[PDB]
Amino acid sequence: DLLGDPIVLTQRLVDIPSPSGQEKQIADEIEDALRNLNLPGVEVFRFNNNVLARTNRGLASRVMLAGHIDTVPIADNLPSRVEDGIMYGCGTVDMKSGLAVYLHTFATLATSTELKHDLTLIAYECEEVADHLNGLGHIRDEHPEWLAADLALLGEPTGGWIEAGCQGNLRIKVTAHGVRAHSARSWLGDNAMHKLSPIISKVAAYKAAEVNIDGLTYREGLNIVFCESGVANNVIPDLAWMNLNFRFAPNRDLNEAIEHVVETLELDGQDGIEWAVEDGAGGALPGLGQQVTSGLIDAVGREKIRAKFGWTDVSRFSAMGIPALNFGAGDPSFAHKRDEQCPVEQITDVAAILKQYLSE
């Protein structure tokens, strides 16, 4: 592992197969590439298949550099080979590029006297699987102190752009109960499916709330994504359920997001209707209006920064009270596509931006 060059490290990390669960090797290499390379003041920490590292140069602000080392199950995309200006392979866009960059820059500026911000580097595992294996997850649960920082940056592929923060994510399953009866004697029973009619109506009528933050504009989303009901053409259904997916702006927290959905749809009070949260997640504030961030906005340009409507591990930091942004290489597409295309150029563009940000 070089760490002396950005593009080489990428093609090096990509050629090391790391589909979720088997990040063992790529993790071990990164640890040893940092240890055998004896950077003074730099602390290396091995936690499962996560690799943490931090400097303690006193210093005012602190920047977090995080990225996942795992990939989606490989599909004839390894090893990698560069084809005239562009690198094809697996992971070239999903982190392994940004990861190479986040690693490279930390290896260099850790001992550079012109480092304006303390650095933490977290290369974590199992991002591509249920939130009970997530590397950042266990870290937050056992060693939260390591997450501490004044700004967090996630290597997620953004094509050199800054996709600031992320929106909260809430999935609720609304279930209506009735009683079976022959569809010709409907009155003898109670149509469960019809009970969702009022709740459905409010959802289809709901106009998503919208909020401005740091010059950015986040828009919410409330949609029915699953609706299943029925047992026979001549039987009044006694059971009907839905899946509501609520995407809330980073100015809300789960408890608020939940309370908003439950109040607006009147999930409590409606007889025969039960609801429950199947998945919840916090949003992420970009905090662009802070000095800790000033430099980075400049090294990228105010007109290359949009809001992230999706959800990334960026929230795990914002939960800790840490502003976070998505900043990586490769087009957001080719994400899990069986032909990840990453313009070899963006690798150096990003690495350049980071130095300008962390040196001014």
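Note that residue numbering begins at 1 and tracks the sequence as displayed.
Mean C-alpha B-factor is higher over 265-273 than over the other stretch, the pair under comparison being 265-273 and 190-198. Mean C-alpha B-factor is higher over 337-345 than over the other stretch, the pair under comparison being 12-20 and 337-345. Across 183, 223, 229, 77, the greatest Cα temperature factor reported in the deposited entry is at 77. Of the candidates 173, 177, 81, 260, it is 81 whose Cα B-factor is highest according to the PDB record. Looking at the C-alpha B-factors along this chain, the one for residue 106 belongs to the middle third. When all modelled residues of the chain are sorted by CA temperature factor, residue 308 is found within the middle third. When the modelled residues of the chain are ordered by C-alpha B-factor, residue 289 sits in the highest third.
Per-chain ranking of the deposited C-alpha B factor places residue 322 in the middle third. Ranked by C-alpha B-factor against the other modelled residues of its chain, residue 54 falls in the middle third.
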